[PDB]
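Source file: entry-v6.pdb (PDB, C-alpha atoms and all ligand atoms)
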MODEL        1
ATOM      1  CA  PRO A   1     -15.839  -1.771   0.008
ATOM      2  CA  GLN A   2     -12.485  -2.911   1.395
ATOM      3  CA  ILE A   3      -9.346  -1.778  -0.423
ATOM      4  CA  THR A   4      -5.876  -3.262   0.032
ATOM      5  CA  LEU A   5      -2.802  -1.109  -0.556
ATOM      6  CA  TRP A   6      -0.784  -3.229  -2.988
ATOM      7  CA  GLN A   7      -1.668  -0.592  -5.546
ATOM      8  CA  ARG A   8      -2.574   3.091  -5.312
ATOM      9  CA  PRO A   9      -6.067   3.419  -3.816
ATOM     10  CA  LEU A  10      -7.804   5.139  -6.744
ATOM     11  CA  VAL A  11     -11.512   5.891  -6.972
ATOM     12  CA  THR A  12     -13.591   7.405  -9.714
ATOM     13  CA  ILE A  13     -15.378  10.629  -8.822
ATOM     14  CA  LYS A  14     -17.921  12.998 -10.347
ATOM     15  CA  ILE A  15     -17.489  16.692  -9.551
ATOM     16  CA  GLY A  16     -18.848  19.737 -11.366
ATOM     17  CA  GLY A  17     -20.355  17.515 -14.021
ATOM     18  CA  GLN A  18     -16.849  16.229 -14.772
ATOM     19  CA  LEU A  19     -15.348  12.768 -14.256
ATOM     20  CA  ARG A  20     -11.947  12.102 -12.651
ATOM     21  CA  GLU A  21      -9.910   9.641 -10.609
ATOM     22  CA  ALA A  22      -8.759  10.642  -7.129
ATOM     23  CA  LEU A  23      -6.416   8.772  -4.792
ATOM     24  CA  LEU A  24      -7.821   8.001  -1.345
ATOM     25  CA  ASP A  25      -5.164   9.746   0.711
ATOM     26  CA  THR A  26      -5.292   9.419   4.501
ATOM     27  CA  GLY A  27      -2.132  11.514   4.640
ATOM     28  CA  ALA A  28      -3.928  14.532   3.163
ATOM     29  CA  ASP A  29      -6.009  16.867   5.329
ATOM     30  CA  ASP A  30      -7.552  18.461   2.253
ATOM     31  CA  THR A  31      -8.772  17.447  -1.191
ATOM     32  CA  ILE A  32      -7.119  18.887  -4.281
ATOM     33  CA  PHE A  33      -7.519  18.452  -8.019
ATOM     34  CA  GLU A  34      -5.157  19.231 -10.889
ATOM     35  CA  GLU A  35      -7.528  20.844 -13.385
ATOM     36  CA  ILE A  36     -11.335  21.023 -13.209
ATOM     37  CA  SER A  37     -13.756  23.875 -13.857
ATOM     38  CA  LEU A  38     -15.608  24.807 -10.688
ATOM     39  CA  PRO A  39     -18.290  27.514 -10.596
ATOM     40  CA  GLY A  40     -18.433  30.509  -8.293
ATOM     41  CA  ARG A  41     -16.168  32.438  -5.949
ATOM     42  CA  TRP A  42     -13.112  31.104  -4.144
ATOM     43  CA  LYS A  43     -10.485  32.158  -1.622
ATOM     44  CA  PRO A  44      -6.739  31.893  -2.250
ATOM     45  CA  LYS A  45      -4.984  29.221  -0.219
ATOM     46  CA  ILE A  46      -1.389  28.077  -0.009
ATOM     47  CA  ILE A  47      -0.977  24.459   0.998
ATOM     48  CA  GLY A  48       2.199  22.742   2.082
ATOM     49  CA  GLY A  49       3.135  19.234   1.069
ATOM     50  CA  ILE A  50       6.246  17.147   0.747
ATOM     51  CA  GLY A  51       8.548  19.070  -1.576
ATOM     52  CA  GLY A  52       7.203  22.580  -1.050
ATOM     53  CA  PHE A  53       4.166  24.890  -0.992
ATOM     54  CA  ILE A  54       1.686  25.658  -3.787
ATOM     55  CA  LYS A  55      -0.880  28.366  -4.435
ATOM     56  CA  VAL A  56      -4.394  27.056  -4.931
ATOM     57  CA  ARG A  57      -7.953  28.367  -4.893
ATOM     58  CA  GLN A  58     -10.413  27.158  -2.306
ATOM     59  CA  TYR A  59     -13.998  26.306  -3.228
ATOM     60  CA  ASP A  60     -16.426  25.522  -0.399
ATOM     61  CA  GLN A  61     -19.719  23.635  -0.442
ATOM     62  CA  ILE A  62     -18.787  21.687  -3.564
ATOM     63  CA  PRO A  63     -20.930  18.621  -4.402
ATOM     64  CA  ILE A  64     -18.771  15.602  -5.190
ATOM     65  CA  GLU A  65     -19.589  11.956  -5.855
ATOM     66  CA  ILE A  66     -16.931   9.600  -4.513
ATOM     67  CA  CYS A  67     -17.271   5.959  -5.554
ATOM     68  CA  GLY A  68     -21.038   6.382  -5.858
ATOM     69  CA  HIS A  69     -21.374   8.269  -2.570
ATOM     70  CA  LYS A  70     -22.674  11.843  -2.505
ATOM     71  CA  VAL A  71     -20.902  14.358  -0.299
ATOM     72  CA  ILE A  72     -20.196  18.077  -0.190
ATOM     73  CA  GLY A  73     -17.175  19.933   1.087
ATOM     74  CA  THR A  74     -14.369  22.297   0.251
ATOM     75  CA  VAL A  75     -12.332  21.272  -2.775
ATOM     76  CA  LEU A  76      -9.012  22.825  -3.726
ATOM     77  CA  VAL A  77      -7.831  23.346  -7.282
ATOM     78  CA  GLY A  78      -4.160  23.844  -8.067
ATOM     79  CA  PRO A  79      -0.868  22.518  -9.532
ATOM     80  CA  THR A  80      -0.835  19.061  -7.940
ATOM     81  CA  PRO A  81       0.744  16.056  -9.698
ATOM     82  CA  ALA A  82      -2.154  13.805  -8.678
ATOM     83  CA  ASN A  83      -5.801  14.262  -7.743
ATOM     84  CA  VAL A  84      -6.253  13.431  -4.058
ATOM     85  CA  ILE A  85      -9.243  12.966  -1.779
ATOM     86  CA  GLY A  86      -8.355  14.016   1.759
ATOM     87  CA  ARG A  87      -9.749  13.244   5.205
ATOM     88  CA  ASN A  88     -12.090  16.252   4.959
ATOM     89  CA  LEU A  89     -14.096  14.178   2.473
ATOM     90  CA  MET A  90     -13.052  10.636   3.403
ATOM     91  CA  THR A  91     -14.710  11.157   6.783
ATOM     92  CA  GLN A  92     -17.983  12.012   5.047
ATOM     93  CA  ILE A  93     -18.155   8.690   3.217
ATOM     94  CA  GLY A  94     -17.183   6.923   6.448
ATOM     95  CA  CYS A  95     -13.746   5.706   5.338
ATOM     96  CA  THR A  96     -11.440   4.025   7.877
ATOM     97  CA  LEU A  97      -8.009   2.379   8.032
ATOM     98  CA  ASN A  98      -7.920  -1.193   9.334
ATOM     99  CA  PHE A  99      -5.179  -3.607  10.381
TER     100      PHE A  99
ATOM    101  CA  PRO B   1      -7.412  -1.882  14.900
ATOM    102  CA  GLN B   2      -9.861   0.424  13.119
ATOM    103  CA  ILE B   3      -8.911   4.076  12.662
ATOM    104  CA  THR B   4     -11.338   6.811  11.628
ATOM    105  CA  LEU B   5     -10.079   9.881   9.787
ATOM    106  CA  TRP B   6     -11.454  12.795  11.808
ATOM    107  CA  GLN B   7      -7.844  13.391  12.874
ATOM    108  CA  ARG B   8      -4.470  12.535  11.336
ATOM    109  CA  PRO B   9      -3.865   8.756  11.568
ATOM    110  CA  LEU B  10      -0.648   8.869  13.575
ATOM    111  CA  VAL B  11       0.980   5.762  14.977
ATOM    112  CA  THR B  12       3.967   5.214  17.188
ATOM    113  CA  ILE B  13       6.918   3.442  15.609
ATOM    114  CA  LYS B  14      10.338   2.146  16.593
ATOM    115  CA  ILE B  15      13.109   2.173  14.013
ATOM    116  CA  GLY B  16      16.863   1.974  14.433
ATOM    117  CA  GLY B  17      16.345   1.896  18.187
ATOM    118  CA  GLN B  18      14.606   5.277  18.101
ATOM    119  CA  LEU B  19      10.992   6.225  18.708
ATOM    120  CA  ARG B  20       8.981   8.267  16.215
ATOM    121  CA  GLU B  21       5.433   9.303  15.353
ATOM    122  CA  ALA B  22       4.371   8.564  11.780
ATOM    123  CA  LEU B  23       1.352   9.204   9.556
ATOM    124  CA  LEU B  24      -0.496   6.234   8.075
ATOM    125  CA  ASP B  25      -0.461   7.599   4.539
ATOM    126  CA  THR B  26      -2.385   5.623   1.913
ATOM    127  CA  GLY B  27      -1.452   8.297  -0.604
ATOM    128  CA  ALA B  28       2.291   7.638  -0.292
ATOM    129  CA  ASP B  29       4.015   4.844  -2.233
ATOM    130  CA  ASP B  30       7.086   5.104   0.000
ATOM    131  CA  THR B  31       7.995   5.664   3.660
ATOM    132  CA  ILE B  32      10.052   8.669   4.731
ATOM    133  CA  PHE B  33      11.322  10.254   7.956
ATOM    134  CA  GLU B  34      12.656  13.790   8.607
ATOM    135  CA  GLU B  35      15.727  12.923  10.664
ATOM    136  CA  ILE B  36      16.814   9.487  11.823
ATOM    137  CA  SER B  37      20.253   7.873  11.966
ATOM    138  CA  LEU B  38      20.077   4.504  10.225
ATOM    139  CA  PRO B  39      23.293   2.476   9.810
ATOM    140  CA  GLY B  40      24.872   1.107   6.645
ATOM    141  CA  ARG B  41      24.929   2.153   3.011
ATOM    142  CA  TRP B  42      22.172   4.031   1.239
ATOM    143  CA  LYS B  43      21.347   5.154  -2.294
ATOM    144  CA  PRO B  44      20.564   8.720  -3.373
ATOM    145  CA  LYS B  45      16.975   9.080  -4.515
ATOM    146  CA  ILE B  46      14.676  11.906  -5.501
ATOM    147  CA  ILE B  47      10.977  11.708  -4.724
ATOM    148  CA  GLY B  48       8.205  14.019  -5.840
ATOM    149  CA  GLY B  49       5.115  15.204  -4.037
ATOM    150  CA  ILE B  50       2.792  18.170  -3.980
ATOM    151  CA  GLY B  51       4.873  21.318  -4.169
ATOM    152  CA  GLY B  52       8.083  19.781  -5.444
ATOM    153  CA  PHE B  53      10.807  17.145  -5.369
ATOM    154  CA  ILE B  54      13.399  16.391  -2.691
ATOM    155  CA  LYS B  55      16.653  14.464  -2.549
ATOM    156  CA  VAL B  56      16.652  11.694   0.059
ATOM    157  CA  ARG B  57      18.680   8.705   1.235
ATOM    158  CA  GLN B  58      17.293   5.284   0.477
ATOM    159  CA  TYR B  59      17.959   2.525   3.001
ATOM    160  CA  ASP B  60      16.683  -0.960   2.231
ATOM    161  CA  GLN B  61      15.847  -3.871   4.515
ATOM    162  CA  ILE B  62      15.414  -1.626   7.535
ATOM    163  CA  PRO B  63      13.596  -3.178  10.521
ATOM    164  CA  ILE B  64      10.671  -1.061  11.690
ATOM    165  CA  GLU B  65       8.072  -1.790  14.349
ATOM    166  CA  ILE B  66       4.803  -0.117  13.410
ATOM    167  CA  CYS B  67       2.068   0.033  16.041
ATOM    168  CA  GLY B  68       3.481  -3.112  17.631
ATOM    169  CA  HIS B  69       3.970  -4.971  14.348
ATOM    170  CA  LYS B  70       7.457  -5.808  13.129
ATOM    171  CA  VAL B  71       8.167  -5.438   9.420
ATOM    172  CA  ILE B  72      11.186  -4.736   7.223
ATOM    173  CA  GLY B  73      11.444  -2.531   4.170
ATOM    174  CA  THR B  74      12.819   0.484   2.352
ATOM    175  CA  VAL B  75      12.825   3.612   4.474
ATOM    176  CA  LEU B  76      13.666   7.037   3.065
ATOM    177  CA  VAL B  77      15.278   9.759   5.154
ATOM    178  CA  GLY B  78      15.010  13.322   3.913
ATOM    179  CA  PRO B  79      13.609  16.861   4.319
ATOM    180  CA  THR B  80       9.935  16.021   4.880
ATOM    181  CA  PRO B  81       7.572  18.142   7.040
ATOM    182  CA  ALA B  82       6.172  14.974   8.584
ATOM    183  CA  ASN B  83       7.144  11.349   9.027
ATOM    184  CA  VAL B  84       5.066   9.211   6.672
ATOM    185  CA  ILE B  85       4.400   5.476   6.561
ATOM    186  CA  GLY B  86       3.754   4.516   2.950
ATOM    187  CA  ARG B  87       1.944   1.663   1.226
ATOM    188  CA  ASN B  88       5.276  -0.165   0.833
ATOM    189  CA  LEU B  89       5.039  -0.811   4.579
ATOM    190  CA  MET B  90       1.285  -0.579   5.149
ATOM    191  CA  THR B  91       0.757  -3.713   3.068
ATOM    192  CA  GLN B  92       3.196  -5.493   5.396
ATOM    193  CA  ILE B  93       0.948  -4.964   8.417
ATOM    194  CA  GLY B  94      -2.153  -5.577   6.334
ATOM    195  CA  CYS B  95      -3.758  -2.139   6.421
ATOM    196  CA  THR B  96      -6.822  -1.585   4.256
ATOM    197  CA  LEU B  97      -9.207   1.275   3.512
ATOM    198  CA  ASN B  98     -12.840   0.719   4.480
ATOM    199  CA  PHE B  99     -16.150   2.394   3.634
TER     200      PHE B  99
HETATM  201  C1  LIG C 101       6.413   9.056  -1.583
HETATM  202  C2  LIG C 101       5.931  10.498  -1.228
HETATM  203  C3  LIG C 101       5.983  10.403   0.319
HETATM  204  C4  LIG C 101       6.989  11.588  -1.804
HETATM  205  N1  LIG C 101       4.510  10.763  -1.815
HETATM  206  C5  LIG C 101       3.774  11.884  -1.711
HETATM  207  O1  LIG C 101       4.145  12.897  -1.105
HETATM  208  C6  LIG C 101       2.410  11.863  -2.395
HETATM  209  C7  LIG C 101       2.593  12.573  -3.752
HETATM  210  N2  LIG C 101       1.393  12.689  -4.604
HETATM  211  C8  LIG C 101       1.677  13.285  -5.955
HETATM  212  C9  LIG C 101       2.747  12.691  -6.973
HETATM  213  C10 LIG C 101       3.947  13.414  -7.221
HETATM  214  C11 LIG C 101       4.935  12.929  -8.120
HETATM  215  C12 LIG C 101       4.727  11.715  -8.777
HETATM  216  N3  LIG C 101       3.556  10.912  -8.596
HETATM  217  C13 LIG C 101       2.562  11.472  -7.648
HETATM  218  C14 LIG C 101       0.332  13.417  -3.826
HETATM  219  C15 LIG C 101       0.068  12.778  -2.437
HETATM  220  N4  LIG C 101       1.329  12.564  -1.638
HETATM  221  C16 LIG C 101       1.056  11.933  -0.328
HETATM  222  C17 LIG C 101       0.597  12.926   0.743
HETATM  223  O2  LIG C 101      -0.348  12.284   1.607
HETATM  224  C18 LIG C 101       1.687  13.469   1.682
HETATM  225  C19 LIG C 101       1.246  14.476   2.763
HETATM  226  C20 LIG C 101       2.538  14.685   3.586
HETATM  227  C21 LIG C 101       2.454  15.769   4.627
HETATM  228  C22 LIG C 101       1.641  15.643   5.786
HETATM  229  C23 LIG C 101       1.598  16.704   6.731
HETATM  230  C24 LIG C 101       2.368  17.886   6.510
HETATM  231  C25 LIG C 101       3.176  18.008   5.353
HETATM  232  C26 LIG C 101       3.221  16.958   4.417
HETATM  233  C27 LIG C 101       0.732  15.812   2.133
HETATM  234  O3  LIG C 101       1.062  16.163   0.996
HETATM  235  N5  LIG C 101      -0.077  16.544   2.920
HETATM  236  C28 LIG C 101      -0.692  17.842   2.571
HETATM  237  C29 LIG C 101      -1.724  17.870   1.403
HETATM  238  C30 LIG C 101      -1.875  17.218   0.145
HETATM  239  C31 LIG C 101      -2.987  17.493  -0.711
HETATM  240  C32 LIG C 101      -3.993  18.439  -0.354
HETATM  241  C33 LIG C 101      -3.946  19.146   0.874
HETATM  242  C34 LIG C 101      -2.867  18.901   1.739
HETATM  243  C35 LIG C 101      -2.445  19.409   3.087
HETATM  244  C36 LIG C 101      -1.537  18.397   3.748
HETATM  245  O4  LIG C 101      -2.134  17.336   4.498
ENDMDL
END

For this file, produce the structure as structure tokens.
Ligand SMILES: CC(C)(C)NC(=O)[C@@H]1CN(Cc2cccnc2)CCN1C[C@@H](O)C[C@@H](Cc1ccccc1)C(=O)N[C@H]1c2ccccc2C[C@H]1O
Amino acid sequence: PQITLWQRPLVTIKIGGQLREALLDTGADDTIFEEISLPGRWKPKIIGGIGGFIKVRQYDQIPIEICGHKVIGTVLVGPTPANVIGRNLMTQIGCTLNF
Amino acid sequence: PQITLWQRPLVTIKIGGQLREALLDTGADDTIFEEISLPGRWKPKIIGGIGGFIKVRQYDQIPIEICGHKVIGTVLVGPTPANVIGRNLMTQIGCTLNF
């Protein structure tokens, strides 16, 4: 589908058997979620954004359904103010910017 | 044109007679640059992102040529790790997300 930017580009996602809304965020290299229970091991990771750095855990090979599309990739979990889907996943569902 | 997301969606922009590289950021409501000298009055403003909040200057009605398209809008200038073009300006040039 085509999505204009006159509002935040939100999409509903299923991940870990849980439902959530993420913002399609071409400015984010990675994907991060506020609070969701993910199974298995993880590696610490400290990401930098506007306003500072945050400590988060990294989960790889995580199945995630974005707007009805099925993809798998690394998903971060940490103290973010908004759930974001990054280019690491937006590439998998073939998302592009147009103008 | 059409821009895939396998790399950061950077575009060249001219603002205040200066040249800058900016990130097409669908996840950002506003536009902000690290260090540019814009003329006229501004209004203090505090924005929040992942990792924290930062105090910035808010200049309105600022001409900005994005990827060869001329638009005018609110541009923020503050301590950001990367220049970002937000939806407030993306809508002006008619950018959409596609998949
Ligand atoms: C208006 C303003 C510009 C302050 N908005 C944001 O920063 C929003 C904030 N929300 C949240 C919010 C906060 C307060 C109120 N409402 C909403 C979360 C999403 N961001 C947009 C991000 O796309 C910004 C980029 C900026 C950046 C690029 C390169 C280097 C440093 C900073 C960003 O945060 N990028 C990083 C990033 C982000 C997520 C996951 C991984 C990574 C890595 C990296 O690409």

One decimal, Å: what's the distance from atom CA of residue B:63 over to atom CA of residue B:14, could you say?
8.7 Å

Where does the PyMOL selection byres (((chain A and resi 67-73) around 9) and not hetatm) land in this file, that is, which residues does it pick, as an MDAnalysis selection string?
chainID A and resid 11:14 59:66 74:75 88:89 92:93

Determine, using all atoms listed in the file, which residues of chain A have any atom at most 7 Å from an atom of chain B, and tabulate each with its shortest atom pair and distance in Å to one decimal place, rows ordered by chain and then rising number, as JSON lines.
{"residue": "A:1", "atom": "CA", "partner": "B:99", "partner_atom": "CA", "distance": 5.5}
{"residue": "A:2", "atom": "CA", "partner": "B:98", "partner_atom": "CA", "distance": 4.8}
{"residue": "A:3", "atom": "CA", "partner": "B:97", "partner_atom": "CA", "distance": 5.0}
{"residue": "A:4", "atom": "CA", "partner": "B:96", "partner_atom": "CA", "distance": 4.6}
{"residue": "A:5", "atom": "CA", "partner": "B:91", "partner_atom": "CA", "distance": 5.7}
{"residue": "A:6", "atom": "CA", "partner": "B:91", "partner_atom": "CA", "distance": 6.3}
{"residue": "A:23", "atom": "CA", "partner": "B:27", "partner_atom": "CA", "distance": 6.5}
{"residue": "A:24", "atom": "CA", "partner": "B:27", "partner_atom": "CA", "distance": 6.4}
{"residue": "A:25", "atom": "CA", "partner": "B:27", "partner_atom": "CA", "distance": 4.2}
{"residue": "A:26", "atom": "CA", "partner": "B:25", "partner_atom": "CA", "distance": 5.2}
{"residue": "A:27", "atom": "CA", "partner": "B:25", "partner_atom": "CA", "distance": 4.3}
{"residue": "A:48", "atom": "CA", "partner": "B:51", "partner_atom": "CA", "distance": 6.9}
{"residue": "A:49", "atom": "CA", "partner": "B:50", "partner_atom": "CA", "distance": 5.2}
{"residue": "A:50", "atom": "CA", "partner": "B:49", "partner_atom": "CA", "distance": 5.3}
{"residue": "A:51", "atom": "CA", "partner": "B:52", "partner_atom": "CA", "distance": 4.0}
{"residue": "A:52", "atom": "CA", "partner": "B:51", "partner_atom": "CA", "distance": 4.1}
{"residue": "A:53", "atom": "CA", "partner": "B:51", "partner_atom": "CA", "distance": 4.8}
{"residue": "A:54", "atom": "CA", "partner": "B:51", "partner_atom": "CA", "distance": 5.4}
{"residue": "A:80", "atom": "CA", "partner": "B:50", "partner_atom": "CA", "distance": 5.4}
{"residue": "A:81", "atom": "CA", "partner": "B:50", "partner_atom": "CA", "distance": 6.4}
{"residue": "A:87", "atom": "CA", "partner": "B:5", "partner_atom": "CA", "distance": 5.7}
{"residue": "A:91", "atom": "CA", "partner": "B:5", "partner_atom": "CA", "distance": 5.7}
{"residue": "A:93", "atom": "CA", "partner": "B:99", "partner_atom": "CA", "distance": 6.6}
{"residue": "A:94", "atom": "CA", "partner": "B:99", "partner_atom": "CA", "distance": 5.4}
{"residue": "A:95", "atom": "CA", "partner": "B:99", "partner_atom": "CA", "distance": 4.4}
{"residue": "A:96", "atom": "CA", "partner": "B:4", "partner_atom": "CA", "distance": 4.7}
{"residue": "A:97", "atom": "CA", "partner": "B:97", "partner_atom": "CA", "distance": 4.8}
{"residue": "A:98", "atom": "CA", "partner": "B:2", "partner_atom": "CA", "distance": 4.6}
{"residue": "A:99", "atom": "CA", "partner": "B:95", "partner_atom": "CA", "distance": 4.5}

If the PyMOL selection byres (((chain A and resi 56-58) around 6) and not hetatm) were run on this exact file, what residues would it hold? Put them as a ChimeraX atom specification.
/A:42-46,55,59,76-78

Box time for stretch 25-31 of chain A: axis-aligned, enclosing all its listed atoms, 3 Å extra on each side; report centre and edge lengths in Å to one decimal, as lines of an AutoDock Vina configuration file.
center_x = -5.5
center_y = 13.9
center_z = 2.1
size_x = 12.6
size_y = 15.0
size_z = 12.5

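Interatomic distance, atom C5 of ligand LIG 101 (chain C) against atom CA of residue B:22: 13.9 Å.
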
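Straight-line separation from atom CA of residue A:32 to atom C32 of ligand LIG 101 (chain C): 5.0 Å.
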
Starting from the shown file, work through the PyMOL selection byres (((chain A and resi 38) around 8) and not hetatm) and note down what comes out as JSON, numbers by chain.
{"A": [16, 36, 37, 39, 40, 59]}

Generate the output file for the selected residues, C-alpha atoms, as a PDB file, in the frame of the given file.
ATOM      1  CA  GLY A  16     -18.848  19.737 -11.366  1.00  0.00           C
ATOM      2  CA  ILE A  36     -11.335  21.023 -13.209  1.00  0.00           C
ATOM      3  CA  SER A  37     -13.756  23.875 -13.857  1.00  0.00           C
ATOM      4  CA  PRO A  39     -18.290  27.514 -10.596  1.00  0.00           C
ATOM      5  CA  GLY A  40     -18.433  30.509  -8.293  1.00  0.00           C
ATOM      6  CA  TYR A  59     -13.998  26.306  -3.228  1.00  0.00           C
TER       7      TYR A  59
END

Which residue of B:83, B:35, B:18, B:30 approaches ligand LIG 101 (chain C) most closely, using all atoms listed in the file
B:30
